[PDB]
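Here is the file work_6.pdb (PDB, N, CA and C atoms).
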```
MODEL        1
ATOM      1  N   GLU A  39     -13.356 -60.919   8.023  1.00  0.00           N
ATOM      2  CA  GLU A  39     -12.629 -61.903   7.229  1.00  0.00           C
ATOM      3  C   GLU A  39     -11.134 -61.853   7.538  1.00  0.00           C
ATOM      4  N   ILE A  40     -10.455 -60.848   6.994  1.00  0.00           N
ATOM      5  CA  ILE A  40      -9.021 -60.689   7.214  1.00  0.00           C
ATOM      6  C   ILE A  40      -8.745 -59.483   8.108  1.00  0.00           C
ATOM      7  N   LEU A  41      -7.896 -59.675   9.113  1.00  0.00           N
ATOM      8  CA  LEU A  41      -7.539 -58.593  10.028  1.00  0.00           C
ATOM      9  C   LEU A  41      -6.031 -58.546  10.196  1.00  0.00           C
ATOM     10  N   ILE A  42      -5.437 -57.363  10.114  1.00  0.00           N
ATOM     11  CA  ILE A  42      -3.997 -57.267  10.288  1.00  0.00           C
ATOM     12  C   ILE A  42      -3.610 -56.298  11.400  1.00  0.00           C
ATOM     13  N   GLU A  43      -2.723 -56.769  12.268  1.00  0.00           N
ATOM     14  CA  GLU A  43      -2.205 -55.975  13.372  1.00  0.00           C
ATOM     15  C   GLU A  43      -0.692 -56.140  13.399  1.00  0.00           C
ATOM     16  N   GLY A  44       0.042 -55.058  13.600  1.00  0.00           N
ATOM     17  CA  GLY A  44       1.490 -55.166  13.662  1.00  0.00           C
ATOM     18  C   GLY A  44       2.085 -55.756  12.390  1.00  0.00           C
ATOM     19  N   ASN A  45       2.184 -57.089  12.328  1.00  0.00           N
ATOM     20  CA  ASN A  45       2.750 -57.758  11.151  1.00  0.00           C
ATOM     21  C   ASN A  45       2.090 -59.117  10.861  1.00  0.00           C
ATOM     22  N   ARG A  46       1.180 -59.551  11.729  1.00  0.00           N
ATOM     23  CA  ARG A  46       0.485 -60.826  11.555  1.00  0.00           C
ATOM     24  C   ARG A  46      -1.000 -60.586  11.286  1.00  0.00           C
ATOM     25  N   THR A  47      -1.567 -61.338  10.342  1.00  0.00           N
ATOM     26  CA  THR A  47      -2.987 -61.226  10.032  1.00  0.00           C
ATOM     27  C   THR A  47      -3.659 -62.589  10.155  1.00  0.00           C
ATOM     28  N   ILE A  48      -4.841 -62.603  10.745  1.00  0.00           N
ATOM     29  CA  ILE A  48      -5.624 -63.829  10.890  1.00  0.00           C
ATOM     30  C   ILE A  48      -6.846 -63.776   9.981  1.00  0.00           C
ATOM     31  N   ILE A  49      -7.152 -64.893   9.317  1.00  0.00           N
ATOM     32  CA  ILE A  49      -8.325 -64.955   8.463  1.00  0.00           C
ATOM     33  C   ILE A  49      -9.279 -66.049   8.908  1.00  0.00           C
ATOM     34  N   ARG A  50     -10.548 -65.690   8.978  1.00  0.00           N
ATOM     35  CA  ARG A  50     -11.588 -66.625   9.370  1.00  0.00           C
ATOM     36  C   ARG A  50     -12.021 -67.437   8.161  1.00  0.00           C
ATOM     37  N   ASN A  51     -11.068 -68.152   7.571  1.00  0.00           N
ATOM     38  CA  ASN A  51     -11.342 -68.960   6.395  1.00  0.00           C
ATOM     39  C   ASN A  51     -11.807 -70.356   6.770  1.00  0.00           C
ATOM     40  N   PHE A  52     -12.395 -70.477   7.952  1.00  0.00           N
ATOM     41  CA  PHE A  52     -12.859 -71.769   8.439  1.00  0.00           C
ATOM     42  C   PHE A  52     -13.587 -72.602   7.387  1.00  0.00           C
ATOM     43  N   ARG A  53     -14.494 -72.037   6.596  1.00  0.00           N
ATOM     44  CA  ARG A  53     -15.206 -72.848   5.586  1.00  0.00           C
ATOM     45  C   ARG A  53     -14.223 -73.760   4.827  1.00  0.00           C
ATOM     46  N   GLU A  54     -13.444 -73.134   3.951  1.00  0.00           N
ATOM     47  CA  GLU A  54     -12.428 -73.836   3.187  1.00  0.00           C
ATOM     48  C   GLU A  54     -11.598 -74.677   4.140  1.00  0.00           C
ATOM     49  N   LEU A  55     -11.203 -74.045   5.239  1.00  0.00           N
ATOM     50  CA  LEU A  55     -10.402 -74.691   6.264  1.00  0.00           C
ATOM     51  C   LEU A  55     -10.978 -76.052   6.652  1.00  0.00           C
ATOM     52  N   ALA A  56     -12.275 -76.141   6.924  1.00  0.00           N
ATOM     53  CA  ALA A  56     -12.903 -77.407   7.293  1.00  0.00           C
ATOM     54  C   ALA A  56     -12.562 -78.468   6.262  1.00  0.00           C
ATOM     55  N   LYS A  57     -12.833 -78.154   5.000  1.00  0.00           N
ATOM     56  CA  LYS A  57     -12.493 -79.089   3.929  1.00  0.00           C
ATOM     57  C   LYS A  57     -11.006 -79.422   4.050  1.00  0.00           C
ATOM     58  N   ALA A  58     -10.227 -78.361   4.174  1.00  0.00           N
ATOM     59  CA  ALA A  58      -8.793 -78.462   4.329  1.00  0.00           C
ATOM     60  C   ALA A  58      -8.415 -79.444   5.432  1.00  0.00           C
ATOM     61  N   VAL A  59      -9.028 -79.328   6.612  1.00  0.00           N
ATOM     62  CA  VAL A  59      -8.685 -80.205   7.719  1.00  0.00           C
ATOM     63  C   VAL A  59      -8.694 -81.636   7.280  1.00  0.00           C
ATOM     64  N   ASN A  60      -9.776 -82.066   6.633  1.00  0.00           N
ATOM     65  CA  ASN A  60      -9.848 -83.426   6.123  1.00  0.00           C
ATOM     66  C   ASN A  60      -8.574 -83.739   5.343  1.00  0.00           C
ATOM     67  N   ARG A  61      -8.040 -82.720   4.668  1.00  0.00           N
ATOM     68  CA  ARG A  61      -6.804 -82.878   3.895  1.00  0.00           C
ATOM     69  C   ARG A  61      -5.628 -82.131   4.548  1.00  0.00           C
ATOM     70  N   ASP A  62      -5.691 -81.952   5.873  1.00  0.00           N
ATOM     71  CA  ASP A  62      -4.663 -81.221   6.628  1.00  0.00           C
ATOM     72  C   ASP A  62      -4.934 -79.726   6.592  1.00  0.00           C
ATOM     73  N   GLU A  63      -5.904 -79.318   7.403  1.00  0.00           N
ATOM     74  CA  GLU A  63      -6.277 -77.905   7.529  1.00  0.00           C
ATOM     75  C   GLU A  63      -5.053 -77.153   7.937  1.00  0.00           C
ATOM     76  N   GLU A  64      -4.363 -77.763   8.884  1.00  0.00           N
ATOM     77  CA  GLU A  64      -3.135 -77.189   9.407  1.00  0.00           C
ATOM     78  C   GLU A  64      -2.217 -76.821   8.243  1.00  0.00           C
ATOM     79  N   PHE A  65      -1.960 -77.830   7.427  1.00  0.00           N
ATOM     80  CA  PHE A  65      -1.135 -77.683   6.251  1.00  0.00           C
ATOM     81  C   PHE A  65      -1.598 -76.506   5.406  1.00  0.00           C
ATOM     82  N   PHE A  66      -2.906 -76.418   5.132  1.00  0.00           N
ATOM     83  CA  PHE A  66      -3.382 -75.333   4.292  1.00  0.00           C
ATOM     84  C   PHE A  66      -2.909 -73.953   4.765  1.00  0.00           C
ATOM     85  N   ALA A  67      -3.315 -73.492   5.964  1.00  0.00           N
ATOM     86  CA  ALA A  67      -2.908 -72.162   6.391  1.00  0.00           C
ATOM     87  C   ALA A  67      -1.459 -71.967   5.998  1.00  0.00           C
ATOM     88  N   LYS A  68      -0.628 -72.975   6.277  1.00  0.00           N
ATOM     89  CA  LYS A  68       0.768 -72.901   5.857  1.00  0.00           C
ATOM     90  C   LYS A  68       0.820 -72.379   4.411  1.00  0.00           C
ATOM     91  N   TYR A  69      -0.004 -72.978   3.540  1.00  0.00           N
ATOM     92  CA  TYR A  69      -0.124 -72.596   2.123  1.00  0.00           C
ATOM     93  C   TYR A  69      -0.198 -71.095   1.962  1.00  0.00           C
ATOM     94  N   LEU A  70      -1.141 -70.472   2.661  1.00  0.00           N
ATOM     95  CA  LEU A  70      -1.281 -69.022   2.590  1.00  0.00           C
ATOM     96  C   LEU A  70       0.104 -68.402   2.681  1.00  0.00           C
ATOM     97  N   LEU A  71       0.865 -68.879   3.655  1.00  0.00           N
ATOM     98  CA  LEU A  71       2.233 -68.434   3.849  1.00  0.00           C
ATOM     99  C   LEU A  71       3.051 -68.800   2.619  1.00  0.00           C
ATOM    100  N   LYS A  72       2.932 -70.059   2.187  1.00  0.00           N
ATOM    101  CA  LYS A  72       3.640 -70.526   1.005  1.00  0.00           C
ATOM    102  C   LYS A  72       3.447 -69.532  -0.130  1.00  0.00           C
ATOM    103  N   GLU A  73       2.195 -69.144  -0.339  1.00  0.00           N
ATOM    104  CA  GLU A  73       1.853 -68.189  -1.387  1.00  0.00           C
ATOM    105  C   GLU A  73       2.606 -66.874  -1.194  1.00  0.00           C
ATOM    106  N   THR A  74       2.551 -66.334   0.022  1.00  0.00           N
ATOM    107  CA  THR A  74       3.224 -65.076   0.333  1.00  0.00           C
ATOM    108  C   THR A  74       4.740 -65.260   0.382  1.00  0.00           C
ATOM    109  N   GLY A  75       5.221 -65.957   1.410  1.00  0.00           N
ATOM    110  CA  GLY A  75       6.649 -66.189   1.540  1.00  0.00           C
ATOM    111  C   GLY A  75       7.182 -65.870   2.926  1.00  0.00           C
ATOM    112  N   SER A  76       6.674 -64.799   3.531  1.00  0.00           N
ATOM    113  CA  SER A  76       7.118 -64.392   4.864  1.00  0.00           C
ATOM    114  C   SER A  76       6.994 -65.547   5.864  1.00  0.00           C
ATOM    115  N   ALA A  77       5.922 -65.555   6.657  1.00  0.00           N
ATOM    116  CA  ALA A  77       5.711 -66.620   7.638  1.00  0.00           C
ATOM    117  C   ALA A  77       4.231 -66.943   7.735  1.00  0.00           C
ATOM    118  N   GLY A  78       3.884 -68.169   8.116  1.00  0.00           N
ATOM    119  CA  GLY A  78       2.475 -68.521   8.206  1.00  0.00           C
ATOM    120  C   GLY A  78       2.080 -69.189   9.507  1.00  0.00           C
ATOM    121  N   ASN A  79       0.798 -69.069   9.834  1.00  0.00           N
ATOM    122  CA  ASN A  79       0.230 -69.652  11.042  1.00  0.00           C
ATOM    123  C   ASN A  79      -1.032 -70.428  10.673  1.00  0.00           C
ATOM    124  N   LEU A  80      -1.202 -71.602  11.258  1.00  0.00           N
ATOM    125  CA  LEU A  80      -2.396 -72.411  11.010  1.00  0.00           C
ATOM    126  C   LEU A  80      -3.074 -72.763  12.330  1.00  0.00           C
ATOM    127  N   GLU A  81      -4.397 -72.662  12.356  1.00  0.00           N
ATOM    128  CA  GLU A  81      -5.167 -73.012  13.541  1.00  0.00           C
ATOM    129  C   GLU A  81      -6.278 -73.949  13.112  1.00  0.00           C
ATOM    130  N   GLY A  82      -6.569 -74.976  13.883  1.00  0.00           N
ATOM    131  CA  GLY A  82      -7.659 -75.872  13.520  1.00  0.00           C
ATOM    132  C   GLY A  82      -9.026 -75.194  13.336  1.00  0.00           C
ATOM    133  N   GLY A  83      -9.201 -74.394  12.265  1.00  0.00           N
ATOM    134  CA  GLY A  83     -10.504 -73.759  12.013  1.00  0.00           C
ATOM    135  C   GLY A  83     -10.445 -72.413  11.301  1.00  0.00           C
ATOM    136  N   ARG A  84      -9.300 -71.817  11.365  1.00  0.00           N
ATOM    137  CA  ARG A  84      -8.997 -70.528  10.803  1.00  0.00           C
ATOM    138  C   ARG A  84      -7.625 -70.635  10.145  1.00  0.00           C
ATOM    139  N   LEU A  85      -7.485 -69.948   9.040  1.00  0.00           N
ATOM    140  CA  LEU A  85      -6.202 -69.884   8.330  1.00  0.00           C
ATOM    141  C   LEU A  85      -5.612 -68.496   8.578  1.00  0.00           C
ATOM    142  N   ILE A  86      -4.319 -68.435   8.856  1.00  0.00           N
ATOM    143  CA  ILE A  86      -3.662 -67.164   9.110  1.00  0.00           C
ATOM    144  C   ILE A  86      -2.470 -66.975   8.187  1.00  0.00           C
ATOM    145  N   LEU A  87      -2.320 -65.766   7.666  1.00  0.00           N
ATOM    146  CA  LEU A  87      -1.181 -65.438   6.833  1.00  0.00           C
ATOM    147  C   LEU A  87      -0.416 -64.297   7.477  1.00  0.00           C
ATOM    148  N   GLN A  88       0.897 -64.412   7.492  1.00  0.00           N
ATOM    149  CA  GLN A  88       1.743 -63.368   8.048  1.00  0.00           C
ATOM    150  C   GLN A  88       2.589 -62.723   6.963  1.00  0.00           C
ATOM    151  N   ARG A  89       2.180 -61.521   6.563  1.00  0.00           N
ATOM    152  CA  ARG A  89       2.874 -60.782   5.514  1.00  0.00           C
ATOM    153  C   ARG A  89       4.347 -60.585   5.860  1.00  0.00           C
ATOM    154  N   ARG A  90       5.052 -59.838   5.016  1.00  0.00           N
ATOM    155  CA  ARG A  90       6.471 -59.572   5.228  1.00  0.00           C
ATOM    156  C   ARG A  90       6.672 -58.416   6.204  1.00  0.00           C
TER     157      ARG A  90
ENDMDL
END
```
Rewritten as structure tokens:
Amino acid sequence: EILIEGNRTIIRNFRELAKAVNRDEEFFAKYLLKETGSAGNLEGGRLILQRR
């Protein structure tokens, strides 16, 4: 599910992500970041959050 290396973590949240895509999947992963604050990454199928 969630994996962290160095300072960036990728999450295989594709399920939600799929729904998200219809509503801007890209945008969603950003959300994860929004929630945290540090930095975020979005991929068409997986959501990634980058901690502080």
I would like the residues chosen by the PyMOL selection byres (((chain A and resi 87 and name CA) around 10) and name CA) on the shown file; could you give them as a ChimeraX atom specification?
/A:40-42,45-49,67-80,85-86,88-90
If DSSP is run on the backbone, what residues of chain A are alpha helix (DSSP H)? A reply as a ChimeraX atom specification would be ideal.
/A:52-60,63-74
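Proximity of A:82, A:62, A:52, A:57 to residue A:39, computed with only C-alpha atoms, is greatest for A:52.
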Taking all atoms of stretch 50-61 of chain A that the file lists and extending 8 Å past them on each side, where is the centre of the axis-aligned box and how long are its edges? Answer in Å to one decimal, as AutoDock Vina command-line options.
```
--center_x -10.4 --center_y -74.7 --center_z 6.3 --size_x 25.6 --size_y 34.0 --size_z 22.2
```
Can you list, as a tab-separated table (two decimals) with N, CA and C atoms, in the frame of the given file, every residue of chain A that DSSP puts in strand (DSSP E or B)?
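Saved to out-v1.tsv:
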```tsv
chain	number	residue	atom	x	y	z
A	40	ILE	N	-10.46	-60.85	6.99
A	40	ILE	CA	-9.02	-60.69	7.21
A	40	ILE	C	-8.74	-59.48	8.11
A	41	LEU	N	-7.90	-59.68	9.11
A	41	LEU	CA	-7.54	-58.59	10.03
A	41	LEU	C	-6.03	-58.55	10.20
A	42	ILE	N	-5.44	-57.36	10.11
A	42	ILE	CA	-4.00	-57.27	10.29
A	42	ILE	C	-3.61	-56.30	11.40
A	43	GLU	N	-2.72	-56.77	12.27
A	43	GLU	CA	-2.20	-55.98	13.37
A	43	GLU	C	-0.69	-56.14	13.40
A	46	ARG	N	1.18	-59.55	11.73
A	46	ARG	CA	0.48	-60.83	11.56
A	46	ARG	C	-1.00	-60.59	11.29
A	47	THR	N	-1.57	-61.34	10.34
A	47	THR	CA	-2.99	-61.23	10.03
A	47	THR	C	-3.66	-62.59	10.15
A	48	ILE	N	-4.84	-62.60	10.74
A	48	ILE	CA	-5.62	-63.83	10.89
A	48	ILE	C	-6.85	-63.78	9.98
A	49	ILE	N	-7.15	-64.89	9.32
A	49	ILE	CA	-8.32	-64.96	8.46
A	49	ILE	C	-9.28	-66.05	8.91
A	77	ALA	N	5.92	-65.56	6.66
A	77	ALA	CA	5.71	-66.62	7.64
A	77	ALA	C	4.23	-66.94	7.74
A	78	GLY	N	3.88	-68.17	8.12
A	78	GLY	CA	2.48	-68.52	8.21
A	78	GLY	C	2.08	-69.19	9.51
A	79	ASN	N	0.80	-69.07	9.83
A	79	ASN	CA	0.23	-69.65	11.04
A	79	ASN	C	-1.03	-70.43	10.67
A	80	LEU	N	-1.20	-71.60	11.26
A	80	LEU	CA	-2.40	-72.41	11.01
A	80	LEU	C	-3.07	-72.76	12.33
A	81	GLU	N	-4.40	-72.66	12.36
A	81	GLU	CA	-5.17	-73.01	13.54
A	81	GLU	C	-6.28	-73.95	13.11
A	84	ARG	N	-9.30	-71.82	11.36
A	84	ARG	CA	-9.00	-70.53	10.80
A	84	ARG	C	-7.62	-70.64	10.14
A	85	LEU	N	-7.48	-69.95	9.04
A	85	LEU	CA	-6.20	-69.88	8.33
A	85	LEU	C	-5.61	-68.50	8.58
A	86	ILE	N	-4.32	-68.44	8.86
A	86	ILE	CA	-3.66	-67.16	9.11
A	86	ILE	C	-2.47	-66.97	8.19
A	87	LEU	N	-2.32	-65.77	7.67
A	87	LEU	CA	-1.18	-65.44	6.83
A	87	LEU	C	-0.42	-64.30	7.48
A	88	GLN	N	0.90	-64.41	7.49
A	88	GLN	CA	1.74	-63.37	8.05
A	88	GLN	C	2.59	-62.72	6.96
```
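Atom N of residue A:50 to atom CA of residue A:65 spans 15.5 Å [interatomic distance, one decimal].
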Report as a list in words all protein, DNA and RNA residues lying within 9 Å of residue A:83, evaluated on only C-alpha atoms, omitting residues in the same chain fewer than 5 positions from it.
residues 50, 51, 52, 53, 55, 56, 59, 63 and 64 of chain A
